[PDB]
Amino acid sequence: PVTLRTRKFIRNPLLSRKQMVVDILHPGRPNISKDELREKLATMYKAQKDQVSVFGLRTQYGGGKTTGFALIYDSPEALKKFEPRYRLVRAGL
Amino acid sequence: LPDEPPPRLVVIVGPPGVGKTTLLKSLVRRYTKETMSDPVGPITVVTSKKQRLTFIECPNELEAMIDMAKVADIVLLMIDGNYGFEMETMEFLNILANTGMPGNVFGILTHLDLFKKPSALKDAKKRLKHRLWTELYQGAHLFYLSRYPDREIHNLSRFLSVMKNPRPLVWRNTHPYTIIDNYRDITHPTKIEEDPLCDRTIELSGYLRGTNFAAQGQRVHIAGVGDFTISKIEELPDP
Amino acid sequence: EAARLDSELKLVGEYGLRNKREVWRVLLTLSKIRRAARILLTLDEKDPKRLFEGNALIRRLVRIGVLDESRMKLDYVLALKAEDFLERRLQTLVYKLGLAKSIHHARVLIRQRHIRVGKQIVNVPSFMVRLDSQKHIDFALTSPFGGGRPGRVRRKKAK
Amino acid sequence: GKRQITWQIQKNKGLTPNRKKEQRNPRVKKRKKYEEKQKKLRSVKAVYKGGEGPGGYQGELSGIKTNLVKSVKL
Amino acid sequence: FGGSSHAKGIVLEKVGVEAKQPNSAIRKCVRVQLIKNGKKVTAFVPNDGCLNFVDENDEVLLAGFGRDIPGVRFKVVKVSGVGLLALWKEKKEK
Amino acid sequence: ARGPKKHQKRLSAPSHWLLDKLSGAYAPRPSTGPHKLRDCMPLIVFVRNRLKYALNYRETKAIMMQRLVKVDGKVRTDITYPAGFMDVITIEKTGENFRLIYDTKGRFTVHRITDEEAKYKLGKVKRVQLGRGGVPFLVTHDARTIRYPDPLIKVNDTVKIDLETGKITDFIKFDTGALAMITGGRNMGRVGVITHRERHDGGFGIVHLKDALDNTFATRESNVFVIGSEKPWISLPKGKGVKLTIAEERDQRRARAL
RNA sequence: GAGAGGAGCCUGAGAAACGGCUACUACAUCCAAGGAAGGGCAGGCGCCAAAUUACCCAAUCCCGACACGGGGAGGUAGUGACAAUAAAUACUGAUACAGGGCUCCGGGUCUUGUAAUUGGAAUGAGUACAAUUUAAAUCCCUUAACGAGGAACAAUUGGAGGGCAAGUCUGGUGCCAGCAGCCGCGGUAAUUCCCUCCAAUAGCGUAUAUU
């Protein structure tokens, strides 16, 4: 499956999002489907499906490792007033 | 032949996509003034101060393709994307290299929508451009149209609007020809009605292209049907 | 001439190469290295750029394993030849380390992705393998020779 | 129902000189060239090719010639 | 003919098409009207098959040599833009 | 040239900001305000580069416009207007602040600092002269005008205001034999201790300085900045601002490394 | 630094603002012939054809009642054998048959071949689900699946040399010799017949100037 080790988290009290590094892996699988990863960052740091923003997400060489730079909010209106537009329409919003 | 020129003739050649031929035909129609649907055979189009043009739909009969291959002033070579070439494009291309080489032949390429990947479209574009380069001229101008754009047909107009010289081919310097624009059938009603098939007088009307005609009693060949004699010449005046 | 034709034919036959371009490439790099050793020999010993610069050059060629680690002198680094570089190249280390049956089989087993070098897998058979990295030349993991799936012919054979 | 173009049409080979499958790959061609010029040096000079093999000296195979002096005067 | 490397020309008369020997120099040489110089020089068409491609009045590019008539000096390289060896092989039409 | 532009060039971008050489042509030019070009430090450069508390200007304006950040108690919703000198910057939730100081190398650094030590300010006198009403008032070096001070408090004193009305609660006296920051010359941005003052009729009378380890340099009164008598008001910068050699301070860093 | 053109004028914090007014000077467009509006660089051809009429303000940055509205800075991509770089077009067995192969007038050497019959593995170009990267796409990084037996997934550019007819042409004291030969009695769904060597080799030839 997917393995999940988060690096360099920041609580980010300035915007009430969280400046997170989330380093994942898929060894042996095809690629990881970041919307399903928006169904993966729901219980690990207590976020709903709206307030899981993910970007960066460059897969490391040879399969396996995949770096992801994510940002979970605390409210969907903070998502909308603190989130960029292409990230919204790509995020189904 | 340094004439104050007639409409320069442009050919639209290609495989049996008739919708491709009338596609580009009505497309450059909407580039110029009109917006009409049904194409007459030869249709002149006014462009700027040097020389207006005229456009034709080559049918899928390659006897007509060798007729208009004898005619053609400049060439538009309309070709598929996902299919490579078909045979009729090559037959016209070296049939024109054999008959007489015009000053400008251009490739133009359709069906770019029917693909899956831009890597496949780009690879087939570079390959197909190379085969036009080895069949036609080293570094010729090919073009692309994905189904009714306007910018691609605008720079296309910026290439067929800067007519250089209709380079002095010998047969088209010393032989008189005229593509019939308006078909006109003059017959007495008891000749056409009383006799089902006797003969009929035909006023074909068109633009004098070749060398100067005979002032009286000219023999004249008509493609497919054969050589006939001119019973009468009239001339519509011009501004 | 003919001395170059039999010389470079002996190099392209001893070591499995494709053209004479790689021979000329190796003789070019040896011309640069041997040139640098010459113009370091122009100065006396205790010229500190001959000491430190020539010392650095012989340490680098000991490290990539061309010059043998016993001899430690710049005349002995002037005395080199292209069979040292071709003897240090990856393809000939596949054959001389016995993963392959012949040298052309080794170049096939390198463009074919079957071998790895450490963590990388290496497609280029002209890879100048370092002397320290010589030992870890082995078959790649997804190859049929390093475990993995048994490849196309045995797949169509099982089916 | 479109007219397919054939292979010489796509690649105008035309009239090229007929060449060899060994000439198709240059690495195979220098492999088959070194094997032959390794073979011809066996005919001219004397190669070591191992000492006594398994059986242990069945005599001087391929004859002995007594008049012949194959040596460099020095 | 030392200022430029290739000179264009008009094929003026195919000199000696009535010869008997198929690849003799009499049949190979062709009279050429040089364009910029105005002179008439003959040049070697390298085959009788290529002589079947060299036609009258055509624009023909020529070059030199380097080494039955030793003294005819030029060489036909193209006929009407297409190279004459690519016409000799079945590469291109004209 | 010939009137103001707002475009900053990137090869000529100066030392205090740490701007990238990449990302197109233009750099974040600061516009008008209290200070000059040199000691300026915008919130653009501050919260995005010095703190890494930003991603782009949707986020930075989305911080600045919602009235959470204060500069001297003012809202300051502007990107191009500067932040000052020896600065007091607010993160009022959890009770922390940011003093901008020099390092031991001479460029600005952030500091999380308390509400009291932040709530007073060290601001230099630029001028004490006569205005309307017949009173000599005090033009500060940084922002404000301290009207009706003590009448003998003159120029080059560096004043503990309480930042709240701009009123002198203390001053540091311009003196020979006192400890001063230097901001200019060949040795700019250094904590030192002045040994002498010279008069120099003809422009910019100077001070001779001799530090803790007997290094002498004589710099002018326009760049000297008397930062403390002893009385540790402000936070201490790293290494006491002595600016020793790179090799010996490097060996001290390897000695104090954990 | 100087800007359809002299001559004057107005705004503003900043302009003798001109891609803003007023005459005069040189042209030129709509007209119902009285009147009116008018004063750029880029593109193609040129002094037989070869570098897109690309997508974006997402970044970095700039301006305005100002979180929105605007950006010909900048970024992303496309062509490109002028170079420069890596290197595909195969690897490995088994048997059978043949007795010569090669090298310098006579010498010298001992295993060599086969348009011989069979058996193995290896797949990467490519085809391509997906997901991801991104303003959006693409390249990349992953990637399931298909993907090799020559008549193919179809390596070239130069040179040297041999052989050949109920063919042709030329010379000459028969039967010889020359140059040469896609061309021969029939036959075109007619025929299944002849090559070797050298060089560079995804590159190579040619011409002149030449060093």
# chains A, B, ... in the order shown; residues from 1 in each chain; ligands from 1
call {"tool": "interface_residues", "arguments": {"of": "chain G", "to": "chain E", "cutoff": "8 Å", "atoms": "only C-alpha atoms (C1' of nucleotides)", "output": "PyMOL selection string"}}
result
chain G and resi 169+179-180+207-209
call {"tool": "write_last_selection", "arguments": {"atoms": "N, CA, C and O atoms (P, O5', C5', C4', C3', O3' and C1' of nucleotides)", "output": "PDB file, in the first residue's frame"}}
result
ATOM      1  P     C G 169      25.499  -4.614 -84.393  1.00  0.00           P
ATOM      2  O5'   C G 169      26.668  -3.565 -84.165  1.00  0.00           O
ATOM      3  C5'   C G 169      26.380  -2.247 -83.732  1.00  0.00           C
ATOM      4  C4'   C G 169      27.597  -1.587 -83.150  1.00  0.00           C
ATOM      5  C3'   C G 169      28.885  -1.809 -83.909  1.00  0.00           C
ATOM      6  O3'   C G 169      28.999  -1.015 -85.069  1.00  0.00           O
ATOM      7  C1'   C G 169      29.278  -2.084 -81.604  1.00  0.00           C
ATOM      8  P     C G 179      39.112  -2.842 -73.114  1.00  0.00           P
ATOM      9  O5'   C G 179      37.880  -1.854 -72.940  1.00  0.00           O
ATOM     10  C5'   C G 179      37.977  -0.495 -73.329  1.00  0.00           C
ATOM     11  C4'   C G 179      36.779  -0.071 -74.136  1.00  0.00           C
ATOM     12  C3'   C G 179      35.436  -0.179 -73.438  1.00  0.00           C
ATOM     13  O3'   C G 179      35.162   0.894 -72.560  1.00  0.00           O
ATOM     14  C1'   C G 179      35.275  -1.120 -75.592  1.00  0.00           C
ATOM     15  P     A G 180      34.484   0.601 -71.136  1.00  0.00           P
ATOM     16  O5'   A G 180      33.184  -0.238 -71.495  1.00  0.00           O
ATOM     17  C5'   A G 180      31.951   0.405 -71.757  1.00  0.00           C
ATOM     18  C4'   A G 180      31.083  -0.450 -72.637  1.00  0.00           C
ATOM     19  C3'   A G 180      29.935  -1.165 -71.955  1.00  0.00           C
ATOM     20  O3'   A G 180      28.803  -0.330 -71.827  1.00  0.00           O
ATOM     21  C1'   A G 180      31.101  -2.661 -73.374  1.00  0.00           C
ATOM     22  P     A G 207      36.042  16.133 -55.715  1.00  0.00           P
ATOM     23  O5'   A G 207      35.767  17.655 -56.080  1.00  0.00           O
ATOM     24  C5'   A G 207      35.338  18.023 -57.382  1.00  0.00           C
ATOM     25  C4'   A G 207      34.768  19.417 -57.404  1.00  0.00           C
ATOM     26  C3'   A G 207      35.685  20.520 -56.901  1.00  0.00           C
ATOM     27  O3'   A G 207      36.588  20.977 -57.894  1.00  0.00           O
ATOM     28  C1'   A G 207      33.556  20.740 -55.900  1.00  0.00           C
ATOM     29  P     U G 208      38.168  21.044 -57.608  1.00  0.00           P
ATOM     30  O5'   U G 208      38.419  22.536 -57.133  1.00  0.00           O
ATOM     31  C5'   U G 208      38.202  23.628 -58.008  1.00  0.00           C
ATOM     32  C4'   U G 208      37.846  24.863 -57.231  1.00  0.00           C
ATOM     33  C3'   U G 208      38.915  25.357 -56.271  1.00  0.00           C
ATOM     34  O3'   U G 208      39.907  26.151 -56.895  1.00  0.00           O
ATOM     35  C1'   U G 208      36.850  25.235 -55.141  1.00  0.00           C
ATOM     36  P     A G 209      41.414  26.152 -56.336  1.00  0.00           P
ATOM     37  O5'   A G 209      41.364  27.121 -55.075  1.00  0.00           O
ATOM     38  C5'   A G 209      40.971  28.479 -55.208  1.00  0.00           C
ATOM     39  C4'   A G 209      40.581  29.075 -53.876  1.00  0.00           C
ATOM     40  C3'   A G 209      41.658  29.056 -52.805  1.00  0.00           C
ATOM     41  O3'   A G 209      42.567  30.133 -52.913  1.00  0.00           O
ATOM     42  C1'   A G 209      39.681  28.168 -51.908  1.00  0.00           C
TER      43        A G 209
END
call {"tool": "residues_around", "arguments": {"residues": "residue 143 (chain B)", "least_positions_apart": "6", "cutoff": "7 Å", "atoms": "only C-alpha atoms (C1' of nucleotides)", "output": "list in words"}}
result
residues 107, 108 and 109 of chain B
call {"tool": "select_by_dssp", "arguments": {"residues": "region 71-106 of chain C", "states": "helix (DSSP H, G or I)", "output": "VMD selection string"}}
result
chain C and resid 74 to 78 82 to 88 90 to 96 103 to 106
call {"tool": "closest_atom_pairs", "arguments": {"of": "chain G", "to": "chain B", "cutoff": "12 Å", "atoms": "only C-alpha atoms (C1' of nucleotides)", "output": "tab-separated table"}}
result
residue	atom	partner	partner_atom	distance
G:43	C1'	B:158	CA	7.7
G:44	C1'	B:162	CA	5.9
G:45	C1'	B:162	CA	6.1
G:46	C1'	B:164	CA	9.5
G:48	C1'	B:103	CA	6.3
G:49	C1'	B:140	CA	6.3
G:50	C1'	B:139	CA	4.3
G:51	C1'	B:139	CA	11.3
G:52	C1'	B:152	CA	11.0
G:53	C1'	B:155	CA	5.0
G:54	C1'	B:152	CA	10.7
G:77	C1'	B:118	CA	11.9
G:78	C1'	B:122	CA	9.0
G:79	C1'	B:126	CA	9.0
G:80	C1'	B:126	CA	11.4
G:126	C1'	B:120	CA	10.8
G:127	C1'	B:120	CA	10.7
G:128	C1'	B:117	CA	10.2
G:137	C1'	B:118	CA	9.2
G:138	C1'	B:118	CA	7.3
G:139	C1'	B:119	CA	9.4
call {"tool": "closest_atom_pairs", "arguments": {"of": "chain B", "to": "chain E", "cutoff": "12 Å", "atoms": "only C-alpha atoms", "output": "JSON lines"}}
result
{"residue": "B:90", "atom": "CA", "partner": "E:93", "partner_atom": "CA", "distance": 11.4}
{"residue": "B:91", "atom": "CA", "partner": "E:93", "partner_atom": "CA", "distance": 11.7}
{"residue": "B:93", "atom": "CA", "partner": "E:93", "partner_atom": "CA", "distance": 9.8}
{"residue": "B:94", "atom": "CA", "partner": "E:93", "partner_atom": "CA", "distance": 6.7}
{"residue": "B:95", "atom": "CA", "partner": "E:93", "partner_atom": "CA", "distance": 9.5}
{"residue": "B:96", "atom": "CA", "partner": "E:94", "partner_atom": "CA", "distance": 9.3}
{"residue": "B:97", "atom": "CA", "partner": "E:94", "partner_atom": "CA", "distance": 5.5}
{"residue": "B:98", "atom": "CA", "partner": "E:94", "partner_atom": "CA", "distance": 6.5}
{"residue": "B:99", "atom": "CA", "partner": "E:94", "partner_atom": "CA", "distance": 9.6}
{"residue": "B:100", "atom": "CA", "partner": "E:94", "partner_atom": "CA", "distance": 9.1}
{"residue": "B:101", "atom": "CA", "partner": "E:94", "partner_atom": "CA", "distance": 8.5}
{"residue": "B:131", "atom": "CA", "partner": "E:92", "partner_atom": "CA", "distance": 11.8}
{"residue": "B:132", "atom": "CA", "partner": "E:92", "partner_atom": "CA", "distance": 11.9}
{"residue": "B:133", "atom": "CA", "partner": "E:92", "partner_atom": "CA", "distance": 11.1}
{"residue": "B:134", "atom": "CA", "partner": "E:92", "partner_atom": "CA", "distance": 7.8}
{"residue": "B:135", "atom": "CA", "partner": "E:92", "partner_atom": "CA", "distance": 7.0}
{"residue": "B:136", "atom": "CA", "partner": "E:92", "partner_atom": "CA", "distance": 8.9}
{"residue": "B:137", "atom": "CA", "partner": "E:82", "partner_atom": "CA", "distance": 9.5}
{"residue": "B:138", "atom": "CA", "partner": "E:82", "partner_atom": "CA", "distance": 10.5}
{"residue": "B:169", "atom": "CA", "partner": "E:58", "partner_atom": "CA", "distance": 11.7}
{"residue": "B:170", "atom": "CA", "partner": "E:57", "partner_atom": "CA", "distance": 11.0}
call {"tool": "write_last_selection", "arguments": {"atoms": "C-alpha atoms", "output": "PDB file, in the first residue's frame"}}
result
ATOM      1  CA  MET B  90       1.854  11.243 -54.225  1.00  0.00           C
ATOM      2  CA  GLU B  91       0.297  10.681 -57.665  1.00  0.00           C
ATOM      3  CA  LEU B  93       2.814  15.357 -56.454  1.00  0.00           C
ATOM      4  CA  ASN B  94       5.069  13.665 -58.978  1.00  0.00           C
ATOM      5  CA  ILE B  95       2.409  14.077 -61.676  1.00  0.00           C
ATOM      6  CA  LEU B  96       3.061  17.800 -61.059  1.00  0.00           C
ATOM      7  CA  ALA B  97       6.817  17.313 -60.884  1.00  0.00           C
ATOM      8  CA  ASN B  98       6.435  15.709 -64.325  1.00  0.00           C
ATOM      9  CA  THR B  99       3.916  18.155 -65.837  1.00  0.00           C
ATOM     10  CA  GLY B 100       5.409  21.396 -64.547  1.00  0.00           C
ATOM     11  CA  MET B 101       6.745  22.697 -61.254  1.00  0.00           C
ATOM     12  CA  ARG B 131       8.412  12.756 -46.206  1.00  0.00           C
ATOM     13  CA  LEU B 132       7.088  15.985 -47.714  1.00  0.00           C
ATOM     14  CA  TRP B 133      10.663  17.249 -47.604  1.00  0.00           C
ATOM     15  CA  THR B 134      12.002  14.286 -49.561  1.00  0.00           C
ATOM     16  CA  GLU B 135       9.117  14.128 -52.024  1.00  0.00           C
ATOM     17  CA  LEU B 136       8.695  17.836 -52.686  1.00  0.00           C
ATOM     18  CA  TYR B 137      11.397  20.334 -51.601  1.00  0.00           C
ATOM     19  CA  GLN B 138      13.999  20.509 -48.842  1.00  0.00           C
ATOM     20  CA  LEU B 169       6.836  27.519 -67.350  1.00  0.00           C
ATOM     21  CA  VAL B 170       7.046  27.109 -71.121  1.00  0.00           C
TER      22      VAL B 170
END
